[PDB]
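Participant: Submitted below is the structure of interest, expressed as structure tokens.
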Amino acid sequence: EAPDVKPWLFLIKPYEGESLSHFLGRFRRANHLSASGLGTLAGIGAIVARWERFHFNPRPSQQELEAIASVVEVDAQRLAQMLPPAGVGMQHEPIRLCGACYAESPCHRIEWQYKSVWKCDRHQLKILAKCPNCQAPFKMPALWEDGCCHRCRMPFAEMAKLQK
Amino acid sequence: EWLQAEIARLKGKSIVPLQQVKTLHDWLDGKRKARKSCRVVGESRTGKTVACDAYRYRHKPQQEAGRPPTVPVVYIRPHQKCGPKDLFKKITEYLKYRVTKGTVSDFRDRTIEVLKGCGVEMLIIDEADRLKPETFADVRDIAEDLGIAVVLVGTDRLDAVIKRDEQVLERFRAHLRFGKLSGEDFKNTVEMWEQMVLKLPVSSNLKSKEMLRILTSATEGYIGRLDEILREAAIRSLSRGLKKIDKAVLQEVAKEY
Amino acid sequence: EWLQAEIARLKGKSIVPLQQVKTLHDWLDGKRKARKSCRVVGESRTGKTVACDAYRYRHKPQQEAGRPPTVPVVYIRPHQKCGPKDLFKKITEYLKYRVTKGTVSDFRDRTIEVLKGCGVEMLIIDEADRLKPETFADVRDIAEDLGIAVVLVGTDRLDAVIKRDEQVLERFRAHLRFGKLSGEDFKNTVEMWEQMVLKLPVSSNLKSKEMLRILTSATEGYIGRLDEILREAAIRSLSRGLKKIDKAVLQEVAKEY
Amino acid sequence: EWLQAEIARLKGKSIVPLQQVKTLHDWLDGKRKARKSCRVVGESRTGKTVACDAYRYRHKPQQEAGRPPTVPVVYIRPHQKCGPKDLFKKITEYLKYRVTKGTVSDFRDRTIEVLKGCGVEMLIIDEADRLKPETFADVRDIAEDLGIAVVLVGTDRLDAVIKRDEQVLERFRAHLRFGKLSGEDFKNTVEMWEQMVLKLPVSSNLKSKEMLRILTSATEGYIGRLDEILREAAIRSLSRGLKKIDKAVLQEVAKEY
Ligand SMILES: Nc1ncnc2c1ncn2[C@@H]1O[C@H](COP(=O)(O)OP(=O)(O)OP(=O)(O)O)[C@@H](O)[C@H]1O
Ligand SMILES: Nc1ncnc2c1ncn2[C@@H]1O[C@H](COP(=O)(O)OP(=O)(O)OP(=O)(O)O)[C@@H](O)[C@H]1O
Ligand SMILES: Nc1ncnc2c1ncn2[C@@H]1O[C@H](COP(=O)(O)OP(=O)(O)OP(=O)(O)O)[C@@H](O)[C@H]1O
Ligand SMILES: [Mg+2]
Ligand SMILES: [Mg+2]
Ligand SMILES: [Mg+2]
Ligand SMILES: [Mg+2]
Ligand SMILES: [Zn+2]
Ligand SMILES: [Zn+2]
């Protein structure tokens, strides 16, 4: 062993509005974990691959968030802030993006999936629901490694000027 | 009972500050400073493992909570027929990185990231002749892709294995030779063992010409045989109520070799 | 402290514009222009990797608005025993694409469309003898179906594996040999190291016959031995407070080889 | 110091441009131009090996910018009982290629490959009597299938080995005889050693009839005896503080033969 070392893992700081799908994707990339791997590591199994698609029948339970809060050092109350608050309706399929936010903070925001959200009040821009250059839909936020459209390679920060 | 505590002490292991150890450590400091890959070679039981194991404590980690530890020297002994995945497991388990499952590709990528994140500068591979010939490619890539001095340790069997792959041969050709003890160095070591290791109630005077003659014949200069003979001789002496290693007890032990 | 910055420099690598490198670059330009597959072969530590790697830096990618980047030359080094899917992943990841799921056929197909999407014209596979035998079939397909100058790099081990598939032997028939240094060219490389690499405050006259003698015996013409010897000798000399390499330090280094 | 520098020089070897060396070189140049195989035969220590070394140094490899070298003359000395794989390994390593692990057939085909492309015109096999009888078939095939002048070198023991196989005998029928020195040629050779080899501060006057008498009795015309007597006599003389060889020291050495 390395003497006086504590068993450790690569951590990531969650951004102020980062979605759980985006967060788990970064944590998985930081540790080169497959989606099945993190679920086995937390012991919740295939559930992680389901959450990364925003498939929330059922929602992330107290048990499973506290389980993920054992391998991720982020506490379960902060993990619950990566999800819609109680009774806020959300949509999983059309993945959406502000772009002007992504130039400031490279994360998907869970509020971009709310059924009540359509503009960024900070930027006063209509949030995108597909790539404005090539019309390809955005991939699940767990897969936003490159920070660009997977088809035409336009960076999300440039898509800010193609909004509203 | 006092006897049970002396046996519990004598059956154990200790590190004596031999000049051979000092010579290796100063040499490793230069190789670590230059990040040069090299090999340590010497016949069996000459103290290579103990001297290399002593070097990692001399560079013990520093860590902050929620961070990878700073670990300048990694030491691993692979198991026999170590393939690349087991190599990556040994490294990440030494650094106590928590991910123990995944493909060889994940284990490679996590290992290179862990080595970089922990700031490793020297990797010591003890009994490196246990590595499979295909896994030396990953060892070479650690030394090339990262600024890491890789140190291969083994017996002359390692010199044979390295010559079968020119790419390893031309990377690891700087070497240190571990020697057996002889002459006055052996006589000096025998008296250090009595005073630092055995610490029996009464002086055995192993330094004496006749005791030194027995030890010289039985040890052949192997430090492993010196330690194993003198500790067992002490344990036998103490168990029969002697206060010192007697001639007859040392001869009883020596005639087992 | 001044010493720390020089040691931190001397432990690092640098690129020297040797005529051996210029020869490959002009030759690779001909094979790329003619869109011709070929191979690069030479003994270990002759500098093949550094010359090929320098060539990739000489032709960094280019971009246009709302278009993927264009990447004139791709340089990859497979991991040992590279299977087809991991070669596609290597190429895909170099082009910054990602492919999380698929059959090997799907990885192949995605590779073909991203290669032609970025319009690459030369693919250099360094240590191509790490490819699995079947992976050369897919390498052959990528060469023919798209018209990429595939450049295989290796030691004489690469020639030994290429002789085992007639179709690989046929399309990679053209080759360049990396030689070792010799004669006045070795001497010129020694002085290029003194002034363009070592840069120590006082000259060492390593170009002198008595220095060239020990250097020739220790280096034997391998540019990797030359670099590793002189950098350690410089680091050792500065650690001793010397302003230069001394013959005695150069002897102390050369004794290890 | 003077003495140790002079001793270190005299201890060594050097090449003197004797007429019999030039005679062989012009003959080998004819045979190489014609690609005619032949043999060189002469008594032990008559200088055959040095003259063959001098030839391949006058016809060393030529570089052509990333091509394999053009190497018109290959010189090998087989180890005792040289089998075919040993022979192929000798040839391949001379051409600066590493022998990859494989069968005799792989070694043959690789050797045949690199004898072409390197443009080898002449292969000199010194101590050709060390070849196993089955190895001569592969030597004959190199001469037959490539246009290569193979030169077998040996003593009269070679002329007996060759006559045990008509197919070898009939191919290497043309020969040159290396002779011993005598007469005026020996007197000139002694003069040249004094001036060009020993280079003592003071003239040893080895042309003198009394000195020639000693030298002729002990040397018996063998250039090997001439060299190794005069060097040892010079080393003995300098060690005694003499600045030349003298008759007493020369007789003291010559008495041991
Ligand atoms: N510095 C030391 N201080 C005390 N005991 C030592 C020391 N070095 C060696 N020994 C004794 O010798 C034994 C053998 O030493 P060690 O394990 O280091 O040998 P080795 O050279 O690595 O052998 P091998 O090549 O056979 O694996 C130790 O277990 C210990 O009993
Ligand atoms: N052009 C160069 N400029 C400076 N240093 C060089 C150059 N070429 C080689 N070196 C030195 O020699 C070392 C070995 O060179 P390189 O990595 O290119 O080896 P290689 O020929 O690809 O060998 P192998 O076939 O064993 O992988 C380098 O890491 C560097 O220290
Ligand atoms: N041209 C020469 N110049 C200087 N010394 C020479 C020369 N030729 C021979 N010698 C001396 O004679 C010694 C014997 O010569 P050499 O090795 O060439 O003999 P050889 O004919 O190949 O003998 P053998 O058949 O016994 O192997 C040399 O090692 C050297 O000391
Ligand atoms: Mg819908
Ligand atoms: Mg050991
Ligand atoms: Mg290389
Ligand atoms: Mg000879
Ligand atoms: Zn916004
Ligand atoms: Zn797009």
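Chain labels run A, B, ... following the order of the structure tokens; each chain numbers its residues from 1, and ligands are numbered from 1 in the order shown.
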Throw together the list of residues within 9 Å of ligand 9, counting only C-alpha atoms and all ligand atoms, and drop it here as a ChimeraX atom specification.
Facilitator: /A:130-138,148-155 /C:66
Participant: Please write the residues from the selection above to a file, keeping C-alpha atoms, as a CSV table (one decimal), in the first residue's frame.
Facilitator:
```csv
chain,number,residue,atom,x,y,z
A,130,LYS,CA,-32.0,21.1,-31.5
A,131,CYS,CA,-28.7,22.3,-33.1
A,132,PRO,CA,-29.5,25.6,-34.9
A,133,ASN,CA,-26.8,25.0,-37.6
A,134,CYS,CA,-27.7,21.5,-38.7
A,135,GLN,CA,-31.0,20.6,-36.8
A,136,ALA,CA,-29.5,17.5,-35.1
A,137,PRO,CA,-31.1,16.9,-31.7
A,138,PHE,CA,-28.9,17.1,-28.7
A,148,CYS,CA,-20.3,20.7,-29.4
A,149,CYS,CA,-22.9,19.3,-31.8
A,150,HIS,CA,-22.1,15.7,-32.6
A,151,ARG,CA,-23.0,16.1,-36.3
A,152,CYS,CA,-21.6,19.5,-37.5
A,153,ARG,CA,-19.2,20.0,-34.5
A,154,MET,CA,-20.4,23.5,-33.9
A,155,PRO,CA,-19.6,24.3,-30.2
C,66,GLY,CA,-20.0,25.5,-39.4
```
Participant: With only C-alpha atoms counted and 10 Å as the cut-off, give the residues of chain C in contact with chain D, each with its shortest interatomic distance in Å and the pair that gives it, as CSV.
Facilitator:
```
residue,atom,partner,partner_atom,distance
C:19,CA,D:65,CA,8.8
C:20,CA,D:66,CA,7.5
C:21,CA,D:66,CA,9.7
C:22,CA,D:65,CA,9.7
C:23,CA,D:65,CA,6.4
C:24,CA,D:66,CA,7.3
C:27,CA,D:66,CA,8.7
C:40,CA,D:66,CA,9.5
C:41,CA,D:66,CA,9.9
C:42,CA,D:97,CA,8.2
C:43,CA,D:98,CA,7.4
C:44,CA,D:98,CA,9.9
C:155,CA,D:98,CA,8.4
C:156,CA,D:98,CA,6.2
C:157,CA,D:100,CA,6.1
C:158,CA,D:100,CA,9.5
C:159,CA,D:100,CA,9.0
C:160,CA,D:100,CA,6.7
C:161,CA,D:100,CA,9.7
C:163,CA,D:106,CA,9.4
C:175,CA,D:67,CA,8.2
C:176,CA,D:66,CA,5.5
C:177,CA,D:66,CA,5.1
C:178,CA,D:66,CA,6.0
C:179,CA,D:66,CA,7.2
C:180,CA,D:96,CA,8.7
```
Participant: For the structure I just gave you, how does DSSP split region 119-220 of chain C - specifically, which residues are strand (DSSP E)? Reply as an MDAnalysis selection string.
Facilitator: chainID C and resid 122:125 149:154 175:178
Participant: Please provide the set of residues having any atom within 9 Å of residue 90 (chain A), restricted to only C-alpha atoms, with same-chain residues fewer than 5 positions apart removed, written as a PyMOL selection string.
Facilitator: chain A and resi 84+110-116
Participant: Report, in Å with one decimal, the straight-line distance from CA of residue 60 (chain D) to atom 12 (O, counted along the ligand's line) of ligand 3.
Facilitator: 22.3 Å
Participant: Name the residues, by chain letter and number, that sit within 9 Å of ligand 6 using only C-alpha atoms and all ligand atoms, and give them as an NGL selection string.
Facilitator: (:B and (167)) or (:C and (44-50 or 52 or 77 or 126-127 or 153-155))
Participant: For the residues in the current selection, export N, CA, C and O atoms as a short mmCIF file (atom, residue, chain, number, x, y, z; two decimals), in the first residue's frame.
Facilitator:
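Output file part-v3.cif is given in full below:
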```cif
data_model
loop_
_atom_site.label_atom_id
_atom_site.label_comp_id
_atom_site.auth_asym_id
_atom_site.auth_seq_id
_atom_site.Cartn_x
_atom_site.Cartn_y
_atom_site.Cartn_z
N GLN B 167 13.11 -3.36 -27.53
CA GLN B 167 12.51 -2.09 -27.12
C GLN B 167 12.63 -1.88 -25.62
O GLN B 167 12.82 -0.75 -25.16
N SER C 44 15.37 0.18 -32.37
CA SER C 44 14.87 0.96 -31.23
C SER C 44 15.74 2.18 -30.95
O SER C 44 16.96 2.17 -31.15
N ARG C 45 15.09 3.23 -30.47
CA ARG C 45 15.71 4.49 -30.05
C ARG C 45 16.46 5.19 -31.17
O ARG C 45 17.35 6.00 -30.91
N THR C 46 16.14 4.90 -32.43
CA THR C 46 16.70 5.61 -33.56
C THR C 46 15.99 6.93 -33.85
O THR C 46 16.50 7.73 -34.64
N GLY C 47 14.84 7.17 -33.24
CA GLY C 47 14.17 8.44 -33.36
C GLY C 47 12.94 8.45 -34.25
O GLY C 47 12.47 9.53 -34.61
N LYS C 48 12.44 7.27 -34.64
CA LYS C 48 11.31 7.19 -35.56
C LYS C 48 10.08 7.90 -35.01
O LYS C 48 9.49 8.76 -35.68
N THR C 49 9.68 7.55 -33.78
CA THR C 49 8.54 8.19 -33.13
C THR C 49 8.67 9.70 -33.07
O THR C 49 7.74 10.42 -33.44
N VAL C 50 9.80 10.22 -32.59
CA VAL C 50 9.95 11.66 -32.48
C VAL C 50 9.89 12.35 -33.85
O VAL C 50 9.32 13.44 -33.98
N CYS C 52 8.20 11.14 -36.56
CA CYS C 52 6.80 11.06 -36.99
C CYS C 52 5.91 11.99 -36.18
O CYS C 52 5.03 12.65 -36.74
N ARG C 77 -0.78 5.80 -31.83
CA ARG C 77 -0.04 4.63 -31.37
C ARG C 77 -0.99 3.66 -30.69
O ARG C 77 -1.43 3.91 -29.55
N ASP C 126 1.99 4.22 -35.43
CA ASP C 126 3.24 3.98 -34.73
C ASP C 126 3.19 2.70 -33.89
O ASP C 126 2.19 2.42 -33.22
N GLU C 127 4.28 1.94 -33.92
CA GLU C 127 4.33 0.59 -33.36
C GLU C 127 3.20 -0.29 -33.87
O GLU C 127 2.51 -0.97 -33.11
N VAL C 153 4.72 2.15 -38.69
CA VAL C 153 6.01 2.40 -38.07
C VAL C 153 6.32 1.28 -37.09
O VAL C 153 5.44 0.80 -36.37
N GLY C 154 7.58 0.85 -37.07
CA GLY C 154 7.98 -0.18 -36.14
C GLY C 154 9.46 -0.44 -36.21
O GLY C 154 10.21 0.26 -36.88
N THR C 155 9.87 -1.49 -35.50
CA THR C 155 11.20 -2.07 -35.63
C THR C 155 11.16 -3.22 -36.64
O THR C 155 10.14 -3.48 -37.28
#
```
Participant: Among region 11-246 of chain B, which ones does DSSP assign to helix (DSSP H, G or I) (computed from the backbone)? Answer as a PyMOL selection string.
Facilitator: chain B and resi 19-34+48-57+84-94+104-117+128-130+136-145+156-163+166-169+183-198+209-219+223-239
Participant: Restricting the output to C-alpha atoms, write the selected residues as a short mmCIF file (atom, residue, chain, number, x, y, z; two decimals), in the first residue's frame.
Facilitator:
```cif
data_model
loop_
_atom_site.label_atom_id
_atom_site.label_comp_id
_atom_site.auth_asym_id
_atom_site.auth_seq_id
_atom_site.Cartn_x
_atom_site.Cartn_y
_atom_site.Cartn_z
CA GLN B 19 25.82 0.33 3.00
CA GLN B 20 24.23 -1.64 0.15
CA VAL B 21 20.88 -0.03 1.02
CA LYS B 22 22.46 3.43 1.23
CA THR B 23 24.11 2.85 -2.16
CA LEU B 24 20.80 1.90 -3.81
CA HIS B 25 18.84 4.78 -2.24
CA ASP B 26 21.32 7.43 -3.41
CA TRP B 27 21.26 5.84 -6.88
CA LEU B 28 17.44 5.79 -7.01
CA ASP B 29 17.42 9.47 -5.98
CA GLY B 30 19.42 10.34 -9.09
CA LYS B 31 17.23 8.19 -11.33
CA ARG B 32 14.09 9.69 -9.79
CA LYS B 33 15.52 13.20 -10.14
CA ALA B 34 16.34 12.57 -13.82
CA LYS B 48 17.06 -6.08 -3.18
CA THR B 49 13.44 -6.28 -1.98
CA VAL B 50 14.27 -5.00 1.51
CA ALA B 51 16.34 -2.12 0.11
CA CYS B 52 13.63 -1.18 -2.41
CA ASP B 53 10.91 -1.52 0.23
CA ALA B 54 12.95 0.80 2.48
CA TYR B 55 12.98 3.44 -0.29
CA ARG B 56 9.18 3.88 -0.50
CA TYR B 57 8.87 4.69 3.22
CA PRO B 84 -1.61 -5.88 -18.28
CA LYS B 85 -4.88 -5.78 -16.32
CA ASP B 86 -3.20 -7.19 -13.20
CA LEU B 87 -0.42 -4.62 -13.69
CA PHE B 88 -3.00 -1.80 -13.71
CA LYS B 89 -4.77 -3.32 -10.69
CA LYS B 90 -1.51 -3.51 -8.71
CA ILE B 91 -0.75 0.16 -9.46
CA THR B 92 -4.24 1.50 -8.68
CA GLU B 93 -4.53 -0.66 -5.55
CA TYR B 94 -1.18 0.67 -4.29
CA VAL B 104 -8.50 -3.56 -19.66
CA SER B 105 -9.10 -0.37 -21.66
CA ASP B 106 -10.74 1.32 -18.67
CA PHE B 107 -8.04 -0.01 -16.34
CA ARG B 108 -5.36 1.39 -18.66
CA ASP B 109 -7.00 4.82 -18.93
CA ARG B 110 -7.76 5.01 -15.20
CA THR B 111 -4.21 3.91 -14.35
CA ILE B 112 -2.56 6.56 -16.54
CA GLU B 113 -4.90 9.18 -15.06
CA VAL B 114 -4.24 7.99 -11.49
CA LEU B 115 -0.46 7.99 -12.04
CA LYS B 116 -0.65 11.53 -13.42
CA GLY B 117 -3.03 12.77 -10.72
CA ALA B 128 9.82 -7.59 -13.00
CA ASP B 129 10.71 -10.89 -14.72
CA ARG B 130 7.21 -12.00 -13.60
CA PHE B 136 6.15 -4.72 -20.94
CA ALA B 137 4.56 -2.59 -23.68
CA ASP B 138 2.33 -0.90 -21.09
CA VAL B 139 5.36 -0.45 -18.81
CA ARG B 140 7.25 1.25 -21.65
CA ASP B 141 4.26 3.51 -22.34
CA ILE B 142 4.08 4.59 -18.69
CA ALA B 143 7.75 5.59 -18.97
CA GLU B 144 7.27 7.38 -22.31
CA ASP B 145 3.82 8.95 -21.97
CA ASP B 156 19.79 -12.51 -13.55
CA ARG B 157 16.60 -14.08 -14.94
CA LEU B 158 15.49 -10.49 -15.57
CA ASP B 159 18.61 -9.83 -17.66
CA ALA B 160 17.61 -12.79 -19.85
CA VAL B 161 13.99 -11.65 -20.22
CA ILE B 162 14.92 -8.07 -21.15
CA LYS B 163 17.25 -9.18 -23.96
CA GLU B 166 15.01 -4.83 -28.02
CA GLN B 167 12.51 -2.09 -27.12
CA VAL B 168 12.78 -2.91 -23.41
CA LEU B 169 16.51 -3.62 -23.62
CA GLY B 183 35.29 -10.26 3.86
CA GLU B 184 35.30 -7.27 6.20
CA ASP B 185 31.87 -6.12 5.04
CA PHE B 186 30.49 -9.50 6.11
CA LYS B 187 32.33 -9.28 9.45
CA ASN B 188 30.94 -5.76 9.99
CA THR B 189 27.42 -6.98 9.16
CA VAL B 190 27.64 -9.88 11.63
CA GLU B 191 28.37 -7.50 14.53
CA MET B 192 25.57 -5.13 13.47
CA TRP B 193 23.19 -8.10 13.51
CA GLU B 194 24.13 -9.02 17.08
CA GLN B 195 23.76 -5.45 18.37
CA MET B 196 20.83 -4.23 16.23
CA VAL B 197 18.82 -7.38 15.44
CA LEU B 198 19.46 -10.06 18.07
CA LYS B 209 37.03 -15.64 14.33
CA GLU B 210 35.55 -19.05 15.12
CA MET B 211 31.92 -17.87 15.11
CA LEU B 212 32.69 -15.88 11.95
CA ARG B 213 34.10 -19.05 10.38
CA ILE B 214 30.87 -20.96 11.01
CA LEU B 215 28.80 -18.05 9.69
CA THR B 216 31.04 -17.60 6.64
CA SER B 217 30.67 -21.26 5.65
CA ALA B 218 26.92 -21.44 6.29
CA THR B 219 25.94 -18.03 4.92
CA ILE B 223 22.21 -11.64 3.85
CA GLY B 224 19.02 -13.70 3.82
CA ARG B 225 20.88 -16.73 5.16
CA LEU B 226 22.63 -14.59 7.79
CA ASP B 227 19.32 -13.23 9.12
CA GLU B 228 17.53 -16.60 9.00
CA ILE B 229 20.38 -18.44 10.74
CA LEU B 230 21.01 -15.92 13.52
CA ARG B 231 17.34 -15.34 14.39
CA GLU B 232 16.61 -19.07 14.59
CA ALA B 233 19.82 -19.67 16.56
CA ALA B 234 18.75 -16.96 19.03
CA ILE B 235 15.25 -18.46 19.33
CA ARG B 236 16.69 -21.92 20.02
CA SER B 237 19.20 -20.54 22.54
CA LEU B 238 16.55 -18.52 24.40
CA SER B 239 14.09 -21.43 24.41
#
```
Participant: Check every residue of chain A for an atom within 6 Å of chain B, counting only C-alpha atoms, and provide those that qualify as a ChimeraX atom specification.
Facilitator: /A:1-2,7-9,32
